[PDB]
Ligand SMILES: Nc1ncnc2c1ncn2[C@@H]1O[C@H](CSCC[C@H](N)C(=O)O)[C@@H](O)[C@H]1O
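Single chain ahead, by itself, as structure tokens, in the form deposited without S-adenosyl-L-homocysteine (SAH).
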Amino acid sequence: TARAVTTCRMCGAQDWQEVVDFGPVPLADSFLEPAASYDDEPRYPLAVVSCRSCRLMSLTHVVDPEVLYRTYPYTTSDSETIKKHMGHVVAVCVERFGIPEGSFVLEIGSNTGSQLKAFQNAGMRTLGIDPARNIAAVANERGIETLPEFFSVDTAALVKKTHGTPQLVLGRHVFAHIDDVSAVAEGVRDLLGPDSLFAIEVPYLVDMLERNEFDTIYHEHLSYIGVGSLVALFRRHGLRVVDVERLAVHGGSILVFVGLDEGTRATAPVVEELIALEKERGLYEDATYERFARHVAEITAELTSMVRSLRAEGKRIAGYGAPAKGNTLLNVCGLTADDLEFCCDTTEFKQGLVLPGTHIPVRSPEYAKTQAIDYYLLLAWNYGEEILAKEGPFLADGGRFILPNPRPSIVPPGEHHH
């Protein structure tokens, strides 16, 4: 079972507004083998609360990290989207702060090591940290040195002793996936030199709220982060937020840069601008999160209505992709195998399995091309541009997509958008 949240991860306060509660829900990355019975399927409470002090949005509970990340499965290769995105992260980091060739770059949650490989091609020394022993060994086999550890003050000391001081410490997602964020911040304080940088990429709370991206809520994502809440945290551990760039990836993200409070790196104007923006858009006002909760109910309702309306007309519907967020969407909407006859997915592990809760079967794309599907529910909507670029034939035949946000809509639209 999962441990309930008491004090706030970032600022330490305990003043929680209730925003939305989806009740007990199965884990989004727990894909099941097909069976007659699913009675013993575990379910955990999924609900979010907003810290009135610093306005971090957090899940009400925390599912054991030994269950989640110690045996993660993860695709070798990746989207052309990701490959280019990884190369952009390198460019931003290296060029914006003039990191010389031969510099040392440490990555937390380094995974198979594709991101580190990009830094090596840019002429850098690297080292990975990832507690998934199965995946750490893969990266290690490929020639990308990776310590099978959790990041902490202790691991930071080990890195410094064996590999020296890093110019750049990188953490993607790992930041919104870790509960003890103080421990990470503390380990970073010890490890950074006077001019070193800590960079983290997470989904941006502003983007989430304005686009009603409620499906991005699942148990792996403990935190939903704005800049204000990070400043609040890093204040308490002798660190200063120095720069931020907004990114389109993952439905709207921010790449945040952090240095030592008394270090070389000057704070850019963008940091305070994004804090001024967060105030202006109502992140510190209860109304905004009641409005968000209302939008969820409206979208949930009309999206189920839309699906069942089409199925009543005899139109066949399926899912495109089987990402974690799809499993939130489908469970919250209460859709079954009677509603979506399958979900196509490129990941080989997932093919032949069944979705958590809904128990909708996952199939390969080559099977999907045999079927005469009328509508595809675009569960992997954050990869919309890549997917629509290659699905010309489907579109030409009269096929359509159902996009779930910012409001439910049908692609293609009835008229050309100028």
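One-based numbering along the sequence shown.
Only in words, not in the display: the form deposited with S-adenosyl-L-homocysteine (SAH) bound, which the text now covers.
Of the listed positions (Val105, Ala156, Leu330, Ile129), a single one reaches within 4.5 angstroms of S-adenosyl-L-homocysteine (SAH) by any non-hydrogen atom in the bound PDB entry, namely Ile129.
A single residue from the set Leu205, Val174, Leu197, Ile144 has any heavy atom within 4.5 angstroms of S-adenosyl-L-homocysteine (SAH) in the bound PDB entry; that residue is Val174. Annotated contact segment (heavy atom within 4.5 Å of S-adenosyl-L-homocysteine (SAH) in the bound PDB entry): 130-138, selected among 298-306, 228-236, 130-138, 271-279. Looking at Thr162, you'd find every heavy atom of it more than 4.5 angstroms from S-adenosyl-L-homocysteine (SAH) in the bound PDB entry. None of the heavy atoms of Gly187 is located within 4.5 Å of S-adenosyl-L-homocysteine (SAH) in the bound PDB entry. Residue contact with S-adenosyl-L-homocysteine (SAH) in the bound PDB entry: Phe150 places a heavy atom within 4.5 Å of it.
In the bound PDB entry, S-adenosyl-L-homocysteine (SAH) lies farther than 4.5 Å from every heavy atom of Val94.
Residues of 42-75 lying near S-adenosyl-L-homocysteine (SAH) in the bound PDB entry, listed in sequence order, are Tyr69, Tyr72, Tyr74, the criterion being any heavy atom within 4.5 Å.
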